[PDB]
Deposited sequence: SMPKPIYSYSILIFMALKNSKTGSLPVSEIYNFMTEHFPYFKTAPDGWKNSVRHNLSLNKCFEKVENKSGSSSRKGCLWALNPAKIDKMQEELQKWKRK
């Protein structure tokens, strides 16, 4: 169908804020996106790469220390207001 109106940053923010602990491995970010935005179930390859590009670059998201193979990703708490504002559009 159409792409979501949301940037990848906001899509990731939705996935993480919706989670039980507030952090997810990227495989579960993908599952959130395909479950909530069925566009991604059939989207051309590459979108996963873009999600991970955003996670690494954006200081909005922080890589969490593995507790006891993918890392967990979490929100930068100082950037939640900004992400919340952008979501309200």
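Original post:
Tell me, which runs of residues in the deposited sequence have no coordinates at all?
Top reply: Unmodelled stretches, in sequence order: 1, 70-74, 96-99.
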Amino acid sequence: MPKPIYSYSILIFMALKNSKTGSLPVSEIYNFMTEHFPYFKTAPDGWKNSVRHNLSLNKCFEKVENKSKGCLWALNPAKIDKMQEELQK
From here on, numbers count along this sequence of modelled residues.
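Subject >> Stretch exceeding the other in mean C-alpha B-factor - 48-56, 34-42 >> reply: The entry gives the higher C-alpha B-factor average to 34-42.
Subject >> Stretch with the greater mean C-alpha B-factor as recorded in the entry, comparing 10-18 against 69-77 >> reply: The entry gives the higher C-alpha B-factor average to 69-77.
Subject >> Chain thirds of CA B-factor: placement of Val64 >> reply: Ranked within chain, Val64 CA B lands in the highest tercile.
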